[PDB]
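What follows is one structure encoded as C-alpha cells, with my remarks underneath.
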Amino acid sequence: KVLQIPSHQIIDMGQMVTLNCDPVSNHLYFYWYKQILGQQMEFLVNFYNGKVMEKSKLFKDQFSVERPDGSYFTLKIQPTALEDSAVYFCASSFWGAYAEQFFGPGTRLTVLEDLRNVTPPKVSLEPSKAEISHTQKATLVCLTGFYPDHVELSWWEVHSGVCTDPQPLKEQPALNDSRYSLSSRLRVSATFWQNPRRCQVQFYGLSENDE
Amino acid sequence: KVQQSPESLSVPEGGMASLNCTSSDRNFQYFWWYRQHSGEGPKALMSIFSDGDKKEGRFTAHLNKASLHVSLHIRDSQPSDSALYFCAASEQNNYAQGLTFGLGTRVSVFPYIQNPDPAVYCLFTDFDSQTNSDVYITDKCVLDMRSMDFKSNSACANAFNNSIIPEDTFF
Amino acid sequence: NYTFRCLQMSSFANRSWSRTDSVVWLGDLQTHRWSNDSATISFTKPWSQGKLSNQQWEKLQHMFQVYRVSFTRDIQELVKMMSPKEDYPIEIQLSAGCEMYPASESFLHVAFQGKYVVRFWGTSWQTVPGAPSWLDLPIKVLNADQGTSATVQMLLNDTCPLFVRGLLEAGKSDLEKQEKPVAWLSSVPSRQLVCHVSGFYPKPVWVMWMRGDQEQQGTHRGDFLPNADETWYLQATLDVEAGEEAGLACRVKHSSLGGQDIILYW
Amino acid sequence: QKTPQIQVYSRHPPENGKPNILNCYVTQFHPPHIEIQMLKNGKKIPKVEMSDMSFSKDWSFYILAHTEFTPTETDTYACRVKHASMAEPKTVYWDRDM
Ligand SMILES: CCCCCCCCCCCCC/C=C/[C@@H](O)[C@@H](N)CO[C@@H]1O[C@H](CO)[C@H](O)[C@H](OS(=O)(=O)O)[C@H]1O
Ligand SMILES: *[C@@H]1O[C@H](CO)[C@@H](O[C@@H]2O[C@H](CO)[C@@H](O)[C@H](O)[C@H]2NC(C)=O)[C@H](O)[C@H]1NC(C)=O
Ligand SMILES: CCCCCCCCCCCCCCCC(=O)O
Ligand SMILES: *[C@@H]1O[C@H](CO)[C@@H](O)[C@H](O)[C@H]1NC(C)=O
C-alpha cells in the first residue's frame with residue numbers, strides 16, 4: 001500500500017504547496033501523475049535513488065521533486081498557477097519497467113484566486129407517501145452551495161442500498177467561481193420507512209493555520 | 001500515442017465487455033491494462049508482452065505483436081466492473097519508464113430490470129435500462145439494496161418530460 | 001560465432017557475511033567487472049558500453065543494482081526459511097548471455113554448490129534433472145512473480161542480442177587483432193620433447209611434431225593457457241625413444257603468420 | 001569441493017638475465033576461497049598481480065597470477081596456493097622450460 005496524506009488541499013495563488021508521498025518500502029522507483037477534472041491520467045516525473053530521470057513536458061519549470069533520507073517523497077509546486085488545480089497521484093514500482101506501478105489515493109489540489117468564496121455545504125435529509133403505497137418501497141433523498149468541491153455525503157455506516165452521483169453539478173455553470181450541487185439517495189422498505197425508531201457530508205475547507 | 005476503443009462500452013450483468021488498444025510504434029509491443037474507479041487510484045489489471053492469450057481469472061487478453069493490436073475481455077461482467085479502463089504501451093529495451101496511458105474507456109455494466117414499472121414523484125425510478133437554468137437532472141443511478149436483494153434505477157408535472165418516458169408510467 | 005557471457009559469483013558464509021562478484025565475457029575477452037565493493041559496473045574495454053546510449057546504459061545499470069541487493073536478501077531469506085536441508089556455507093553461481101549466428105539463442109543457468117540446478121526457459125524458471133526436490137516450492141513462488149519473470153525475459157529476448165551486436169561492431173578493432181606466436185623447444189625425462197608456443201591471438205592454432213611430411217600422431221597437445229596480456233600460451237609434447245629425437249621438428253600454423261609457418265628443428 | 005590445479009609458465013622464451021613475466025594459472029577449484037602467492041627463493045614477490053576471478057563451463061573457478069621477473073641459473077620461482085580442499089598448502093616450482 002502506497003500512502004498519500006493529505007488528501008484534499010486548498011491553496012491560494014502565489015504560495016508554494018508541498019505534496020507528501022509515503023511509498024511502499026523496498027521500492028526505489030517513484031512517479032508523479034496528474035489528472036484534472038478526472039479525465040486523463042498524465043505522467044510528470046520519475047525519481048530513482050537520489051536523482052530525477054524522465055521529466056515530461058507537463059513538468060513545469062516551477063516544480064521540484066526531492067527525496068531526502070528518512071523523510072517523504074515530495075513534489076513541490078512553487079508557485080502556483082490556477083492551472084495547477086487538479087488531482088496528483090504518487091506511485092511506486094520496484095522494477096524500473098515491465099512491472100506493476102502502485103498508485104496512491106491522490107491529493108485533490110484546488111488553487112484559487114479569492115479564498116473568500118470557500119463555503120461549506122448544507123445537508124438536507126422526506127420519503128414519498130405515494131411510493132410506499134404503490135410499491136412498498138420508499139426512497140429518501142439527500143440534496144447545495146459547496147465549494148470546491150471537497151464534500152463526501154454518507155449515511156449513518158450503511159454502504160448498502162444507497163447510491164450517489166458520479167460527480168457534483170456546478171450550480172451556476174456560466175461562472176468561473178461556481179458553487180456545486182450533488183445528489184444521493186437511499187432506498188428504504190415499508191418496514192424501515194414506517195418505523196418511528198444521519199446524512200453527513202465530509203467537507204474540506206480552510207486549514208487550521210489560516211487567517 | 002496509444003489508440004483505445006471505444007469511447008464507452010455498455011454491458012449487461014453476466015455479458016462480456018471487450019475492449020481494444022493499438023500501438024503505432026514497432027518498439028512498443030508490450031502492453032498494460034490499468035483500471036480506475038471514480039476519484040480513486042488506478043490499479044494494474046494485467047500485463048501481456050507475449051504473442052498469445054492470457055487468462056487472469058475473469059479476464060482474458062489477446063496480443064498480436066505482429067500488428068501491435070491488443071484486446072481485453074471482461075467476461076461474466078460484475079456490477080463492480082463499471083470503471084475507467086486504461087491501456088498503455090511500454091518501450092522495448094527501457095528498464096526505467098513512465099506508464100503512458102491512452103484516453104481510456106468508461107465501462108457501464110447495468111442490471112437487467114426484470115418486472116419494472118416507472119414513475120415520477122420528481123424522481124424517475126424503477127425503469128428500463130435501455131431508456132436513457134430553472135430545471136436540473138443528473139444521470140441514472142443503480143441503487144442496489146443488498147438486504148432486500150433489489151436493485152433500482154433513479155434520477156414537477158412535466159419537468160422530467162424532456163427525454164423519452166415509457167408508456168407505463170404512474171404520476 | 002561469439003558467446004556473450006555474464007558470470008555471477010555469490011558467496012554466503014553466514015547471516016551477515018555475503019559477497020557478489022561478477023565478470024562479463026564476449027568470446028574470450030573480458031568486457032565488464034562488478035565487485036561487491038563497487039556501486040557501478042566497471043568497463044574493462046574502451047568499448048564495453050557497445051552502442052547503447054548513456055541513458056540506455058544508466059537505466060540498465062540501475063536495474064542490476066536493484067537486482068544485486070535483492071538477490072542477496074532473497075537468498076538469505078531462502079535459507080532462514082529452510083533448514084535443516086540447507087545450511088552455511090553456500091555457493092551460488094549464475095551464467096547468462098547469448099550465442100551469435102548470421103539469429104541467436106539466449107540462456108540462463110543457475111548452479112548451487114557447484115551442481116547445476118536451475119535454468120530460466122521461455123517464460124519461467126525450471127529445476128533441471130536431478131536437482132534437489134526442495135527447490136520446487138521456491139521455484140513456484142518465483143514464477144508467481146510476474147515482474148521478475150518479465151525483466152529476465154526482456155533481458156534475454158530483447159537486450160542481450162541487441163547489446164551484443166553493438167559490442168561486435170564496437171570492439172571490431174580488438175576482436176579481429178592478430179598476434180604472432182613465439183615458440184621454443186625443451187625436453188624433460190619422462191625422454192619427453194615439449195614445444196612451447198606463446199603470444200598468439202586469436203585462439204585457433206595448429207601445432208604438431210613432425211618428421212618431414214609426417215605429422216607425429218603421438219603429439220600431446222596441452223590446454224590453452226592465458227597470458228597476462230590477452231594472448232594465449234600452448235604446449236605440445238611427444239615421448240621419444242633413445243635415438244628417435246634426432247630429425248624431429250615442431251611446426252606451428254597460425255592466422256597471424258599467413259603461410260609463414262614456424263618450423264623449429266630439434 | 002574440488003582441488004586446484006596449478007600451472008607455472010613464462011610469457012616469453014626464458015633467456016637468463018632478460019626481463020620476462022612469470023604466470024601462475026590456477027584452475028579447477030571450488031569453492032572460490034583461495035590464496036595464491038608467487039615466491040622467489042622462498043620469500044613472497046611483492047607486486048603479485050592477480051587477474052579477475054572467473055569460472056569455466058563446468059562451473060570450476062579459475063584465476064591468473066602474474067609478476068615480472070628476470071630468470072637466472074640460480075633463482076627458484078614458485079607458486080603457492082592455499083585452498084580449503086587441501087590440508088597442506090600446495091606449491092609448484094617453475095620448471096625452467098615452460
Ligand atoms: C538455497 C537455495 C538456492 C537455490 C539456487 C536458485 C537461485 C534462484 C535464482 C533466482 C535469481 C533471481 C533473483 C531474483 C529475485 C527476485 O525475487 C527479486 N529480485 C525481485 O522480486 C521482487 O522482490 C521484492 C522483495 O525483495 C518485492 O517482493 C517485489 O515485489 S514488488 O511488488 O515490490 O515488485 C518483487 O518483484
Ligand atoms: C521470450 O522468448 C520466449 C521463447 O521464444 C517466449 O516464450 C514463449 O512465448 C509464447 C507466448 O505466446 C508461448 O507460446 C510459449 O509457451 C513460450 N515458451 C516457449 C518455451 O516457447 C516469451 O514469450 C518471450 N518473452 C517476451 C517478453 O517476448
Ligand atoms: C550482472 C551482469 C551485468 C553485466 C552488464 C552487461 C549488460 C548486458 C545485459 C544482457 C545480459 C542478459 C542476462 C541477464 C540475466 C541476469 O543475470 O539476471
Ligand atoms: C558486500 O556489499 C554489501 C553492500 O555494500 C556490504 O554490506 C557487505 O558488507 C559486503 N560484503 C563483503 C564481504 O565485502
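Basis: the model, the stated rules and, where named, an outside source; no laboratory instrument gave them. Note: ideal-geometry Cβ built from the backbone for every residue, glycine included; neighbour counts use all protein chains shown.
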How many of the residues in the range C:226-251 are closer than 11 Å to C:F200 by Cα and either assigned by CATH to the domain that holds C:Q30 or out of contact with any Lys or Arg (no Cβ under 8 Å at 6 or more places or on another chain) (or both)? 3
Name the one entry in A:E83, A:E42, A:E66, A:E54 that is closer than 27 Å to C:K59 by Cβ and under 19 Å from the mean Cα position of the chain (by Cα). A:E42
Quick one: would you say B:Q114 is surrounded by fewer than 13 Cβ atoms within 10 Å (Cβ to Cβ), within 25 Å of the chain's Cα centre (by Cα) and within 30 Å of A:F103 (Cβ to Cβ)? no
Quickly run through the range D:14-35 and pick out the residues that are surrounded by 15 or more Cβ atoms within 10 Å (Cβ to Cβ) and not in a strand (DSSP E or B). D:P14, D:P31, D:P32, D:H33
Take C:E58 and tell me if it is in the same structural domain as C:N157 (by CATH), away from ligand 4 (no atom under 16 Å from the Cβ) and either closer than 27 Å to C:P129 by Cα or under 18 Å from the mean Cα position of the chain (by Cα) (or both). no
Output the number of the condition that C:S48 fails; it satisfies all remaining conditions of (1) within 16 Å of ligand 4 (Cβ to nearest atom); (2) more than 14 Å from chain B (Cβ to nearest Cβ). (1)
In the set C:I92, C:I41, the lone residue that is more than 12 Å from every other protein chain (Cβ to nearest Cβ) and more than 16 Å from ligand 2 (Cβ to nearest atom) is C:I41
Hey, among C:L60, C:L78, which residue is of a type in the set (A, V, I, L, M, F, W, C) and over 18 Å from C:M9 (Cα atoms)? C:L60
Got at least one residue in the range C:76-89 being within 14 Å of ligand 3 (Cβ to nearest atom) and either within 13 Å of another protein chain (Cβ to nearest Cβ) or not small (G, A, S) (or both)? no
Log entry, pairs with first residue in the range A:18-31 being facing chain C (nearest Cβ under 9 Å), second being surrounded by fewer than 23 Cβ atoms within 10 Å (Cβ to Cβ) and part of a loop (DSSP other than H, G, I, E, B), beta carbons closer than 6 Å, six or more apart or on different chains, reads A:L28/A:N49; A:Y29/A:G96
Restricting to the range C:64-74, what's the tally of residues that are closer than 19 Å to C:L135 by Cα, near ligand 1 (Cβ under 6 Å from one of its atoms) and surrounded by 16 or more Cβ atoms within 10 Å (Cβ to Cβ)? 1
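Table: residues versus (1) within 12 Å of ligand 3 (Cβ to nearest atom); (2) more than 20 Å from C:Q93 (Cβ to Cβ); (3) in contact with a strand residue (DSSP E or B) (Cβ under 9 Å, 6 or more places away or on another chain).
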{"site": "C:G114", "(1), (2), (3)": "no, no, yes"}
{"site": "C:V117", "(1), (2), (3)": "no, no, yes"}
{"site": "C:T123", "(1), (2), (3)": "no, yes, no"}
{"site": "C:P129", "(1), (2), (3)": "no, no, no"}
{"site": "C:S133", "(1), (2), (3)": "no, yes, yes"}
{"site": "C:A144", "(1), (2), (3)": "no, yes, no"}
{"site": "C:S149", "(1), (2), (3)": "yes, yes, yes"}
{"site": "C:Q153", "(1), (2), (3)": "yes, yes, yes"}
{"site": "C:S173", "(1), (2), (3)": "no, yes, no"}
Any idea which residue in the range D:34-55 is farthest from D:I21 (Cα to Cα), counting only those that are acidic (D, E) and within 12 Å of another protein chain (Cβ to nearest Cβ)? D:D52
Please enumerate the residues belonging to the range B:141-154 that are under 18 Å from B:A119 (Cα atoms) and touching a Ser or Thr at 6+ places or on another chain (Cβ under 7 Å). B:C141, B:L143, B:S152, B:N153, B:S154
Only one of (1) of a type in the set (S, T, Y); (2) touching a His at 6+ places or on another chain (Cβ under 7 Å); (3) under 17 Å from C:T3 (Cα atoms) does not apply to C:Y116, and that is (3)
Test C:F71 against the stated conditions and say whether it is closer than 23 Å to C:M154 by Cα, within 14 Å of another protein chain (Cβ to nearest Cβ) and not in a loop (DSSP other than H, G, I, E, B). yes
